[PDB]
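Read the figures in this text as sums done on the coordinates, not as results from a lab. Positions of Cβ are generated from backbone atoms using ideal geometry, with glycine treated the same way; all protein chains shown enter the neighbour counts.
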Amino acid sequence: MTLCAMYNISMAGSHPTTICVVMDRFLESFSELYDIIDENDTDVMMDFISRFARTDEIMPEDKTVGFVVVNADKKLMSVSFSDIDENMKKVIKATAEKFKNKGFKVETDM
């Protein structure tokens, strides 16, 4: 089956931005998202998010590994995933820990 995850990034104490991408694209999306996360422009964030997203749900043939909450205003990030595997877990831990290298908090939920 296919597992997807949705992560939201907050540039401040205002309506944050949520995005849903499959694990396969999650790794890449995160890598690029982190490179753009350095900015704080709504146009750049909205353009990147919208360009990286396509507003889609999960089919009955697949499922959603979980969702990740990232708030820059609070400087904290939590990742919640259900029924997963070590294969994808590596990507989740690497992605979460990667943010810590920038000076943030990483939390794991399972």
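Cβ-Cβ contacts under 7 Å between residues 6 or more apart (or on different chains), taken from a first residue in the range 41-61 that is at positive phi and free of Cβ contacts under 8 Å to residues at least 40 places away in the same chain to a second residue that is surrounded by 11 or more Cβ atoms within 10 Å (Cβ to Cβ) and assigned to a loop (DSSP other than H, G, I, E, B), are absent. Taking every residue in the range 90-103 that is at negative phi and pairing it with any residue that is surrounded by 12 or more Cβ atoms within 10 Å (Cβ to Cβ) and of a type in the set (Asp, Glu), at least 6 positions away or on another chain, the pairs with Cβ-Cβ distances below 9 Å are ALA96/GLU107.
Kindly indicate the residue of the range 1-48 that is of a type in the set (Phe, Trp, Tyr) and within 22 Å of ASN87 (Cβ to Cβ) and also farthest from the chain's Cα centre (by Cα) among those meeting that condition.
So the residue we want is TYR34.
Residues of the range 90-110 that are among the hydrophobic types (A, V, I, L, M, F, W, C) and closer than 11 Å to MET77 by Cα: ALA96, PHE99, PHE104, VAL106.
Would you say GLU32 is of a type outside the set (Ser, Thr, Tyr) and free of Cβ contacts under 8 Å to residues at least 12 places away in the same chain? Answer is no for this residue. Taking the criterion of being in contact with a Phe, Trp or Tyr (Cβ under 8 Å, 6 or more places away or on another chain) and closer than 23 Å to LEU3 by Cβ, the residues of the range 26-66 that qualify are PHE26, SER29, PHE30, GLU32, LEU33, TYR34, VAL65, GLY66.
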